[PDB]
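A quick note on method: Cβ atoms are made from the backbone with ideal geometry, for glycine too, and the neighbour counts reach across all protein chains shown. Please treat every number below as a calculation from the coordinates, not as lab data.
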Amino acid sequence: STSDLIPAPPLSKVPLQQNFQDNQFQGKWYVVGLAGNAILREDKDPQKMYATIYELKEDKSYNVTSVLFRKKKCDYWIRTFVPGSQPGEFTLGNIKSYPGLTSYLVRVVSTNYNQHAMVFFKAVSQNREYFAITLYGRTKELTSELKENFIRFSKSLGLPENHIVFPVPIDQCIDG
Ligand code: NA
């Protein structure tokens, strides 16, 4: 394998949502914007919109379920986010069960809980440092101001235009 990647930014360039409220952040979020160093715009087959459901457990970790529409079926990816060093920061639960994955970091950058959210991800897989940013939406659509702000923040982490994508809304699986 030979492969080139845009460097993961320093954590100082990734803000943290102040006084993060885990209870208010639960529920379904739509992925209305997706950016990252391993993410690429594919004009021939545009990425379809997928959803991620956060649900607080008793021990204050999240059962994180992502649901996407792939190959005419609904695929479900169930993961666990364990609370990290500061509120709004999380590490991946049961990391040993994922082969190659030596590191995983989640950081809630900004959110108003009832409309939108921005979450930063960083992961070292096979000694390759990947990072991504997701524009979460409570509905499938969001304003141009929020979308241009997501593009602005994505660029501030060294990501060009073609590494920023906006998944097209769909009705399959991500509703209900
Ligand atoms: Na990632």
### Message
Looking at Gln26, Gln21, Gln17, can you tell me which residue is away from the ligand (no atom under 15 Å from the Cβ), in contact with a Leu (Cβ under 6 Å, 6 or more places away or on another chain) and over 21 Å from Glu141 (Cβ atoms)?
### Response
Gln26
### Message
One residue is enough: does the range 79-91 have a residue meeting the conditions more than 16 Å from the ligand (Cβ to nearest atom), outside any loop (DSSP other than H, G, I, E, B), farther than 22 Å from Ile174 by Cα and out of contact with any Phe, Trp or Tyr (no Cβ under 8 Å at 6 or more places or on another chain)?
### Response
no
### Summary
Looking across the range 138-176 at residues that are within 21 Å of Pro9 (Cβ to Cβ) and hydroxyl-bearing (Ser, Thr, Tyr), the single one that is farthest from the chain's Cα centre (by Cα) is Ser156
### Task
Can you tell me which residue within the range 33-62, out of those that are on the phi < 0 side of the Ramachandran plot and in contact with an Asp or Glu (Cβ under 7 Å, 6 or more places away or on another chain), is farthest from the ligand (Cβ to nearest atom)?
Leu56
## Note on the structure
When the range 157-176 is checked residue by residue, the ones that are more than 15 Å from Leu34 (Cα to Cα) and in contact (Cβ under 8 Å) with a residue 40 or more places away in the chain are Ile170, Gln172, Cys173, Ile174
### Task
Determine which member of the set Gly88, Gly93 is surrounded by 14 or more Cβ atoms within 10 Å (Cβ to Cβ) and at positive phi.
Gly88
### Query
(1) touching a residue at least 12 places away in the same chain (Cβ under 8 Å); (2) part of a loop (DSSP other than H, G, I, E, B); (3) of a type outside the set (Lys, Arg): which one isn't true of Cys74, the others all being true?
(2)
### Summary
Considering residues that are surrounded by 13 or more Cβ atoms within 10 Å (Cβ to Cβ) and either of a type in the set (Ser, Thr, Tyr) or within 16 Å of the ligand (Cβ to nearest atom) (or both), the number found within the range 118-145 is 17
### Query
Tell me, which residue of the range 29-71 that is of a type in the set (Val, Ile, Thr) and free of Cβ contacts under 8 Å to residues at least 60 places away in the same chain is surrounded by the fewest Cβ atoms within 10 Å (Cβ to Cβ)?
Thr65
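Could you list, in sequence order, the residues of the range 16-36 that are in contact with a helix residue (DSSP H, G or I) (Cβ under 9 Å, 6 or more places away or on another chain) and not β-branched (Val, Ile, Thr)?
Hits for the range 16-36 are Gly33, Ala35, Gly36.
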